[PDB]
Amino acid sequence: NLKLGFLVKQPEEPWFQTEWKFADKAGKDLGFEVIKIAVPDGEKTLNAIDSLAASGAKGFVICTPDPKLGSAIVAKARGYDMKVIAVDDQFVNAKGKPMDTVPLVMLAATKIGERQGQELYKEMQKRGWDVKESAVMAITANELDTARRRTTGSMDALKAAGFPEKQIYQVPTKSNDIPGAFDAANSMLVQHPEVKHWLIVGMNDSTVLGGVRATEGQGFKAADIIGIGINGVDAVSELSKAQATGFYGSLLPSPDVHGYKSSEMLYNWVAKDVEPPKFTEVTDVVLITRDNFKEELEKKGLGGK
């Protein structure tokens, strides 16, 4: 019957895999088919839209691989009389200004970053580290707004709790994955031999995990590393390991809400011209660690751990 696209930039992340599963549920409930397409670069993104048009889709939810493609995506969709909703990553114009007219569903980036820095600080205090020999490694992706509000939020929180600003070191990552973060973290680590304990800040689980893998290769044991990711679902294989690592826990948001609600809203828009809210910020978050990740995922219906 009705076909709707669900396009994501990183199909390998459990985060997006979960959005896809909940979109399928929305399709089962409301009576539409979801076409699941991977759009890891700009080219694929525009070609995928043409492909959706050929398939007869009336609209799509999309997590763009590049916010600056916003204009192009809007132009092509209009050309095909397709409605568009953005999930997680906001479209921006050439200048970098947000395209506020496109409905957006996303997590509360600032608030969850702040919660990341509060939980880092707390766990540091629990361990008794001497602040004088401690440092924060912030692995940033500042060209991505959502990534930038999380890492700024986290650094702001650490500063607000009393962590010395001069011991916060930032390093850019070229890709939002383990290899990009690994590389980034490694170059920062050799510049700071004086540090005995590291807090690793990054916008998501993969970034933090690459930071943690680099620390391991430079000789730090788990007690001297605290990394708290963001996404939850993406850290299950780490939390499931037999031995504890420097990856202490993850902040679990609601990818399930993002996949169903964006899909449901697209459908009401397509099927009834019910126009969606322009901005839907989901604030849900829970900290998962080795001790509770299974309880918490099951309690949220993201079962198996």
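For every residue, the number given is its place in the sequence shown, counted from 1.
Participant: Please work out which of 28-36 and 64-72 has the higher mean CA B-factor as recorded in the PDB entry.
Facilitator: Of 64-72 and 28-36, the stretch with the higher C-alpha B-factor average is 28-36.
Participant: Looking at the entry, does 255-263 or 276-284 show the higher mean C-alpha B-factor?
Facilitator: Between 255-263 and 276-284, it is 276-284.
Participant: Reading the B-factor column of the entry, which of 85, 161, 212, 106 has the highest value at its C-alpha atom?
Facilitator: Result of the comparison over 85, 161, 212, 106: 161.
Participant: By the CA temperature factor listed in this entry, which of these ranks top: 242, 53, 46, 236?
Facilitator: Among 242, 53, 46, 236, the PDB entry lists the largest C-alpha B-factor for 53.
Participant: Could you look up the Cα B-factor of residue 13 in the entry and say which third of the chain it sits in: lowest, middle or highest?
Facilitator: For residue 13, the deposited C-alpha B-factor lands in the middle third.
Participant: In terms of the chain's CA B-factor thirds, is residue 93 lowest, middle or highest?
Facilitator: It falls in the top third of the chain.
Participant: How does the C-alpha B factor of residue 153 compare with the rest of the chain: lowest, middle or highest third?
Facilitator: Tercile = middle for this residue's CA B-factor.
Participant: Comparing against every modelled residue in the chain, figure out the third that the C-alpha B-factor of residue 173 lands in (lowest, middle or highest).
Facilitator: Tercile = middle for this residue's CA B-factor.
Participant: Please say which third, lowest, middle or highest, residue 202 falls into when its CA temperature factor is compared across its chain.
Facilitator: Lowest third of the chain for residue 202's C-alpha B-factor.
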